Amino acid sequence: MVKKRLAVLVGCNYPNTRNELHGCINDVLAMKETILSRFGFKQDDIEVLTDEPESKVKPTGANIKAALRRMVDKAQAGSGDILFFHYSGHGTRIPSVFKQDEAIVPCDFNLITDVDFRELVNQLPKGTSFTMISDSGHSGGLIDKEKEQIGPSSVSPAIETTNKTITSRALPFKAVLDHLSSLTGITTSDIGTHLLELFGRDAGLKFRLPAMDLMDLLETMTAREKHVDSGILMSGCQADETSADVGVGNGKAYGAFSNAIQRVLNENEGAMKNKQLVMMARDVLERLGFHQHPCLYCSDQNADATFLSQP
C-alpha cells in the first residue's frame, strides 16, 4: 500500500511594499531541501508558493487554499498519508466579533484565519497527519480548537535580548484594514466587508458565512473532533506574540523559528517526536535571546509521534 507525502510551502516576503520581509522565501527553500533529503518527499509532490517578482504562482489566499485543497484530495482513510504545510510570512489578529482570531496574511491580503485551518483538518480521515509549521506572528492557535500540547497553559532569570537585527512578522489590524481599503476604495471598520467585496467566494470561511450558520458548521466539527484529530501545528510564537524575521536584505535572512527547526534537525539525525522538536526549538530561541515562544497543538497521540513519520 503506497503512502503519500505531500507538501505545500508558502513564503511571503512582500517585496517592494510597506510590509517587506526578507527571510520567508529562504525559509521555504531550506525546508524544501530538508523534506527532499531527510523525509523522503518527492519533487512532484511539493508545491511552492513564493511572492518574488518573477514568481509564476503567487501565494494569494486563493492559491494557498487551493494548494491545501489539492493535498486534501489525496489523503485517504487507512493510508496514513503525510501532509506538510510550511508558512513563512506576516500574521495578524482580527476581532472575533471579547476575543481575537489568528490569521496568516497572503500576498494579496486575502486572510486565512484559524477557522479555515480547523475546517481543513476536519476534511482529513483518521490516520492522516497534517503537520503545519507557521513561522509568522500570532501563529499560536492557527488551527482552532486544536489541543495545546506546548504553550502558556501547558508549560510551567531573563536572557538578554538577541543582538541580531530583527523585524516583526506581525501586521496590526489597522495596517491590514488600510491595505484592503486601498483596493476596495471604501472605508468600513468591518474587515469582512472588504474581503467579501474583493474576493467573494475565495474569502475566508469566517467572512462568507453568517455567524449562526458558522455556529452550526462548527458544531459538526466539534462532534467529529472527539474521534478524529489529524492536525499538528508548530507555531513560531504564541497567539499574543510575534515571530522574528532575522537579518537584512542581503539574501541571507531567515525566520528565527524556521532556523531553530533547522538547527535542531542538524544536531539530531534520528527520528524525533513532535513534542521534543518544539521543546528543543524553544530551547534554541530562549538561549539565543529571542522572546517568542513556539507552541505545539495536536492530539496526545500525535504529540508522541515522530516528526513527519520519520522511522
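Numbers for residues come from their place in the sequence shown, where the first is 1.
The modelled chain breaks after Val97 and resumes at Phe98, leaving 4 to 9 residues of the deposited sequence without coordinates. For the pair 104 to 112 and 197 to 205, the mean Cα B-factor is higher in 197 to 205. If you average the C-alpha B-factors over 214 to 222 and over 81 to 89, the higher value belongs to 214 to 222. For the set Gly151, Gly141, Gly236, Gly127, the PDB entry assigns the largest Cα B-factor to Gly127. Highest C-alpha temperature factor among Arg263, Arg282, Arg70, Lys273 per the entry: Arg70.
In this PDB entry, the Cα temperature factor of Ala305 sits in the middle third of its chain's modelled residues.
Among all modelled residues in this chain, the alpha-carbon of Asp135 has a temperature factor (C-alpha) in the lowest third.
Per the PDB record, residue ranking by Cα B-factor puts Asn16 in the highest third of the chain.
Compared with the other modelled residues of the chain, the Cα B-factor recorded for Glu241 ranks in the lowest third. Among the modelled residues of the chain, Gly247 sits in the middle third by CA temperature factor in this PDB entry.
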